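Chemist:
2 protein chains.
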Amino acid sequence: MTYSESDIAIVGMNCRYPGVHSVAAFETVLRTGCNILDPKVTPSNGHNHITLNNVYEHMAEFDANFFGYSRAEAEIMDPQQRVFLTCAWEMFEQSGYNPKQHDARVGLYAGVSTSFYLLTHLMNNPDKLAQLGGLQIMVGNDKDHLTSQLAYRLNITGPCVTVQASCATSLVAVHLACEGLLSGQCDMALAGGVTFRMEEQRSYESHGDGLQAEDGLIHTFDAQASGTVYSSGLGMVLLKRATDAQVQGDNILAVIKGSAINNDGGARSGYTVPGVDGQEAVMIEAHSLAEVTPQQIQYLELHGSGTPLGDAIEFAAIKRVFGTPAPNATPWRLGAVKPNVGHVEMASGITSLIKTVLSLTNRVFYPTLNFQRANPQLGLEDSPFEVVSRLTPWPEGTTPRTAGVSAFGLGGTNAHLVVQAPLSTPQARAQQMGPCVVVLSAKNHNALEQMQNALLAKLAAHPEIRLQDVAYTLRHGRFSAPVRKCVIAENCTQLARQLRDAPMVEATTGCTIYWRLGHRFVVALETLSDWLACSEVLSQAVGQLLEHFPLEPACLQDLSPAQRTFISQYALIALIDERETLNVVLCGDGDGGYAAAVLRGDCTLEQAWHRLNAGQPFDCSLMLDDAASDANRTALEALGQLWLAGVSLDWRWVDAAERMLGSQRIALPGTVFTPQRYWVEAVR
Amino acid sequence: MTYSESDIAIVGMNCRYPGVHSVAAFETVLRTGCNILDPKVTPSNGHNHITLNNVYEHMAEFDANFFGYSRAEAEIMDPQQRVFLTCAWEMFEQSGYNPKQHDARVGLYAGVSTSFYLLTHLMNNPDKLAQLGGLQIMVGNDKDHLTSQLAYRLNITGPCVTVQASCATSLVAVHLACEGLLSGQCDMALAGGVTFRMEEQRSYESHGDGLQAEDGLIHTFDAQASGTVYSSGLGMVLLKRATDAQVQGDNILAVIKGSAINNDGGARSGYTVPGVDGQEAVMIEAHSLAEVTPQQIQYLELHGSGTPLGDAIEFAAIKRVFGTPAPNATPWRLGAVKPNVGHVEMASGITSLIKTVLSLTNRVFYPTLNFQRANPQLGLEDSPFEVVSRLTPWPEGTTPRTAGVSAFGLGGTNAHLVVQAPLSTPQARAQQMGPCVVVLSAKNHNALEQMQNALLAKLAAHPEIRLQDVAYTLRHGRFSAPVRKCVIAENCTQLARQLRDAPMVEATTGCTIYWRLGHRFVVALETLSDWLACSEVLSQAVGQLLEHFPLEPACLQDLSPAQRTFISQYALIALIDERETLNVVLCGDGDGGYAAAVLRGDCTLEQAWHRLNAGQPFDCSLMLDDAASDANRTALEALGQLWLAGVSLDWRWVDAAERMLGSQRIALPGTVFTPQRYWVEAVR
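Same order as they appear, the protein sequences are chains B and A. Counting with the deposited numbering, you get residues 1 to 619, 632 to 696 for the letters of the first sequence. Counting with the deposited numbering, you get residues 1 to 619, 632 to 696 for the letters of the second sequence.
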């Protein structure tokens, strides 16, 4: 079985919370069932003064330098935007995608809280408030820019939309992303949200309203639910069409089957009140679009605000949508993330979604905290529902592991997802040992060193990581920085000693590329066919020589070694010259001379072709010759020394020369930022 | 020919600018070629101090009362949000749609500037800054709420998304709207933007940067272009699937054939610089999706910022996309709205779009101001392009009147539309005189009076308005307020004297509805079939009597008058009781008695049916009887007096009794707001 046409694959995630600096770490919070807010309640004038760990300490830090910001620009730029950017770049790398260069169209769908940095900090520094130009202050803080910045810095030209929808924002984004994928507007999309609280917002005063918790604890669905608790947080995911992700060497974490967004409309007691009708509606719609009955969903990731009324309503809407299960079917499992990491105004939804994805991949229901006793008004006990309060393994059913994710925003804008485990990967992967081109790059040697050591460290830690993957990932999923290092290895072990002994090369732009064409250079049918398959211009010119367009593997096999030399030789240098006319000198040997004369431009292709069939020869250094080493290998090294010399390659070239089948994008170490503090203080 | 599946019809518009309070008025500005900003330049310290008419005077005013806001809520609520809401309600009414009640799913796609009200006014009233609760201040000002509020107040449950994309916002919204229509997520959608400048933002200091005009004039594409000029402004449109709009009595103003949104990505000299590549790309994409060659577009509505560089780039991108026209083809016409009403940060796009739609409907190219002499670097002269600087009629070609609309936002987020004149309306409209049910409602008599007079005024002004339309519009396009007035008229003339003589009736909820069923009540086949067609429950119950499900017109025609009485009679009261079980007393006469006994619940339908075929009778006041007057008429009055008594009707009931064919939604007077000032002042 393969993925459904409407199936959106999650191929990347990233998140930040106070003291939680990686998805991996977040997972740990969920697993160990930790509450990062660590609240502190002080009775205060009949109310409760509550202090939290709800501010993302590191917000001030940024590699302004790396992202091309002046220190000033960085200081007025909203932390939210900065950290979001950093995180995007990271996630892209971790998902095996070169942040600044994109084969396919990329969409940006994301939202952000108001810039309390602006409101509290910037606006209380009358100096920097004007000395750096109001317009730029706006560029630094107006929500609109969140996406536009990322689109600049990651050179993204797809749909680019800052989406805003109170608490639902992140999931609304996710939805609009799926939409933009399925519509075709983009081919891969980043969707997410970010909400940072300033230090001034660490505390809060509890009024007894039932909106904010009296005890600083989100007692989702618990009898003691007194309200919610707001925190800093950031979340994002990388989505693409499952059908594509399957064959594009993506690690499909999970699949959004269907999504929906709506509003409670006027079916509520007042603007800021949830609407059973609406939540019901959205869930129904989503489940419909994901073509799933409630019975086929095992888990639901609640909004779980911790507000008595909100919880009460949400659950009502749930009961309505789910109804009764098949006799003796296990109850529906309910969970909530907000107890763990607080309510993250914008990045709530995506947080829940991430929690879910982790729940799926790890095949566990993670505990929902502060749940000591179901709230009477839910009547959960009699219901076929139960809140998860212990790490418990996600049992396997006759249908896929499947969960629903709800984000119900203040103001009544709602979003719902159906998320499903991915297809089990039938991996009879006869991992082929063979030469692989491993490449690292950085902005300076010192970084490259660190990258090197980090990678080696990873490989050493995970001996099961296979080279095909590494080599691939380090090509497609990383940007070609100016300081480079390239190695051809047979295995991750060997690699260490090579990498270390290998030289670091700063691209010296615009040198002479010298080409020695040897007698024989017979590269593999696959390689040549893939190479030619990279350019219409070639495929035609060759199609005419072979009297057979389009070109087909067999078609090439008929060619004599002596010919395939000429053709292979030509093809490569022609691809290079096409992508970038650089200073290319040539020099041929026997069967090489022919190609050499063509590429030089002494004659036309067919001219030499006929002359080669007639046997009428002609009279940074690279060579192309079986004699020296396996043609294919000679090609890899050839390309490598090119890249080192600072030529721009289409990695497909290398991929085709490697012929590594079933290679995979993997999460490796990546860009090494050294960020500084960029912060404006409020002048008292 | 009919509309394409992907064709989105614009069926409503609305806008506000300083001193421009209606679309109609805006049109006047465009026609008369007026520049509302009326700048004033004062030499100042080597620079120019410029004062404008760029603040929307009335922002402070609102019918908080009408929309259910406490004066506090209103005072902290962002003017942008308020005026937007008011305008939405208005536009809905003017497009013939009941703002608070929606047959189909409605989507909200809209964006808003940062709340300078918050920043400048609210935040300088330390009192009201906390005395009314931070959370509510956020609810009042955070962009997120723009849509959510509207969704509440207009009881909209569709997709609800605050979209943000700098200058492109409004058009990005429009796009996402079309998307949500075509995707099916909604059935009608409001898309728009709003940007209000506070008084503190009226003037500005000209630095010579080339970003803001030195003379307070947007010289789009003109040699003297020194920059742009920012203003207050609001815009919105009402969109739905053309194919539907065609048959749903909408006035299709124009059609979006295709749309696209993208970003300049990294193809620019710096974050705030336009990217030829990107603008090129977006236009191309759009034109592709609208399936049009440049040659099939006559007009382009420029971004026309008035910044030398921005204009220069835009035009380059245009040249690239359009190329050369067919020999001796008239040149492409270029226009820009920003000279007329300034640059409206968020509502620029939608403004341009409206200008375009007006350009189309009025079949004219409106003048682009401040254009005395093309800017050298454009090289417009040689180009097959021509900036429109005179009201000039839009000639007819062999292909439809078709234009492109560009919105290129700072930060590189771009949007492009292809907008086309609608299909010419084949209106063989044999306008049928006949009885029509005209209904007015308001919150209090005093309002109802005003509404009355307004309406009569309109009708008197436009004697060509046909009653079918009026009566329809006043049913579907208006909310049933508690103070009501209902009339059955034969023509708009007659109507006046009826409306005046008619009583105003305050719905007294839960009175007794008395039903007299007369011997005969044979309503038209159409009417009965439509009535039954309103409820599955009925269509089945009758389908069983007639042994023919689904029901077909002919099927009913076979029924004897004496039967059709019983069935018609039943059907109506059954529909009423279905929609709302009210206290319904009954009383029958001959053939009536049968229905009466059924509805009373003495027997089951078929029980009386068989008894009627056997001829075995039984033994707020309304009656149902040919004897009194044409059955159909009797039904209209019946329904009317119901509605007056304050019953909730499905207007389809009335529509079906009227049988007015080809009725149309028309722009009449509507809800009468009496708004107060809600404003927080800055405490110095």
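Every residue, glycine too, gets a C-beta built ideally from N, C-alpha and C.
Out of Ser183(B), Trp89(B), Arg105(B) and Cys15(B), point me to the one whose CA is closest to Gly193(B)'s CA.
Modeler: Nearest C-alpha to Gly193(B): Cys15(B).
Chemist: Measure the C-alpha to C-alpha separation of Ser269(A) and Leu309(A) and round it to an integer number of angstroms.
Modeler: Taking the straight line joining both Cα atoms gives about 12 Å.
Chemist: So, is the C-beta of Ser148(A) closer than 9 Å to a C-beta in chain B?
Modeler: At least one chain B Cβ lies under 9 Å of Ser148(A).
Chemist: Comparing C-alpha positions only, which one of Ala25(B), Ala290(B) and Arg664(B) sits nearest to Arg475(B)?
Modeler: Among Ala25(B), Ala290(B) and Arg664(B), the Cα nearest to that of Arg475(B) belongs to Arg664(B).
Chemist: Where do the ends of the alpha helix (DSSP H) carrying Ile567(A) lie?
Modeler: Note, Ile567(A): alpha helix (DSSP H), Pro561 to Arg579.
Chemist: Here's the rule I'm using: 16 or more other beta-carbon atoms within 10 Å means buried, otherwise exposed. How should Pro339(B) be labelled?
Modeler: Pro339(B) is buried by the Cβ-count criterion.
Chemist: May I ask you to list, following chain order, the residues of the segment 161 to 174 of chain A that have a beta carbon less than 8 Å from some beta carbon of chain B?
Modeler: Cβ contacts with chain B come from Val161, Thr162, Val163, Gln164, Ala165, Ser166, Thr169 and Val172.
Chemist: Name, please, each residue of chain B whose Cβ falls closer than 7 Å to the Cβ of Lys100(A).
Modeler: Neighbours of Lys100(A) on chain B, chain order: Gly266.
Chemist: So if I threshold CB-CB distances at 7 Å, which residues from the segment 500 to 518 of chain A count as touching chain B?
Modeler: Correct list: empty, as no residue qualifies.
Chemist: Which of helix, strand or coil does DSSP assign to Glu199(A)?
Modeler: Three-state DSSP puts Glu199(A) in a helix.
Chemist: Can you give the beta carbon distance from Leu410(A) to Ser166(A), rounded, assuming they're within the 8 Å contact cut?
Modeler: That pair is a contact at about 5 Å.
Chemist: Output the distance between the C-alpha atoms of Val388(A) and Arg333(A), rounded to the nearest integer angstrom.
Modeler: Looking at the two C-alpha atoms, the distance is approximately 6 Å.
Chemist: What does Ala151(A) touch in chain B if you count any residue whose Cβ is under 8 Å from its own?
Modeler: The contacting residues are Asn263, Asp264, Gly265, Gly411, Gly412 and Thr413.
Chemist: Cβ of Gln185(A) less than 9 Å from any chain B Cβ?
Modeler: Yes, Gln185(A) lies at the interface with chain B (some Cβ there is under 9 Å from its Cβ).
Chemist: Between the Cα of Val41(A) and those of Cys34(A), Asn53(A), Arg31(A) and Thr32(A), spot the shortest distance and give me the residue it belongs to.
Modeler: Among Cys34(A), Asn53(A), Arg31(A) and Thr32(A), the Cα nearest to that of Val41(A) is on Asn53(A).
Chemist: Is DSSP giving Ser529(B) helix, strand or coil here?
Modeler: Correct three-state label for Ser529(B): helix.
Chemist: How should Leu673(B) be labelled, buried or exposed, when 16 other C-beta atoms within 10 angstroms of its C-beta is the threshold for buried?
Modeler: With fewer than 16 Cβ atoms within 10 Å of its Cβ, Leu673(B) is classed as exposed.
Chemist: Just confirm the distance between the C-beta atoms of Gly111(A) and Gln149(A), as a whole number of angstroms; I'd bet it's less than 8 Å.
Modeler: Wrong, their Cβ atoms sit about 14 Å apart, outside the cutoff.
Chemist: Would you call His47(B) buried or exposed, if buried means 16 or more other Cβ atoms sit within 10 Å of its Cβ?
Modeler: So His47(B) counts as exposed.
Chemist: DSSP three-state call for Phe408(B): helix, strand or coil?
Modeler: Three-state DSSP puts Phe408(B) in a strand.
Chemist: Under 9 Å, Cβ to Cβ, is there at least one residue of chain A near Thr157(B)?
Modeler: Cβ-Cβ to chain A under 9 Å: yes for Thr157(B).
Chemist: Please indicate yes or no: does the CB of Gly258(B) lie closer than 8 Å to some heavy atom of the ligand FAD?
Modeler: The ligand FAD is not part of the structure shown, which contains no ligands of any sort.
Chemist: Give, in chain order, every unbroken run of the alpha helix (DSSP H) that is at least 4 residues long and sits entirely within the segment 336 to 387 of chain B.
Modeler: Taking only runs of at least 4 residues, the alpha helix (DSSP H) segments lying wholly in the segment 336 to 387 of chain B are 338 to 341 and 348 to 361.
Chemist: For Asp142(B), is the classification buried or exposed, using 16 other Cβ atoms within 10 angstroms of its Cβ as the cut-off for buried?
Modeler: Result: buried.
Chemist: Tell me which residue opens and which closes the beta strand (DSSP E) that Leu239(A) is part of.
Modeler: Start and end: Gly233 to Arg241.
Chemist: Should the segment 114 to 126 of chain A be regarded as contacting the segment 493 to 506 of chain A, the criterion being three or more beta carbon pairs within less than 8 Å?
Modeler: Short answer: they don't touch.
Chemist: To which residues of the same chain is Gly588(A) closer than 6 Å at the C-beta, ignoring the five residues directly before and after it?
Modeler: Excluding residues within five positions, the ones whose Cβ falls inside 6 Å are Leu517 and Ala596.
Chemist: Residues in the segment 277 to 294 of chain A with C-beta within 7 Å of chain B's C-beta atoms, listed in sequence order?
Modeler: From the segment 277 to 294 of chain A, only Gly278 and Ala281 have a Cβ closer than 7 Å to chain B.
Chemist: Would you please verify whether the beta carbon of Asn141(A) is less than 9 Å from any beta carbon of chain B?
Modeler: Yes, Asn141(A) counts as interfacial toward chain B.
Chemist: At what residues does the alpha helix (DSSP H) containing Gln468(A) begin and finish?
Modeler: That run of the alpha helix (DSSP H) goes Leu467 to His476.
Chemist: So, does the CB of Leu211(A) fall closer than 9 Å to a CB anywhere in chain C?
Modeler: Within the model displayed, chain C is absent; protein chains B and A are what it includes.
Chemist: My guess is that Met77(B) and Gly140(B) are in contact by the Cβ rule of under 8 Å, so how many angstroms apart are they, rounded?
Modeler: Indeed they touch by this definition, with Cβ atoms about 4 Å apart.
Chemist: Out of curiosity, what's the CA-to-CA distance linking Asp63(B) and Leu85(B)?
Modeler: Taking the straight line from one Cα to the other gives about 10 Å.
Chemist: I want to see whether chain B comes within less than 9 Å of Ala191(A), judged by CB atoms only; does it?
Modeler: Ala191(A) does not count as touching chain B.
Chemist: What are the residues that DSSP puts in a beta bridge with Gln212(B)?
Modeler: Answer by DSSP bridge pairing, in chain order: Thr228(B).
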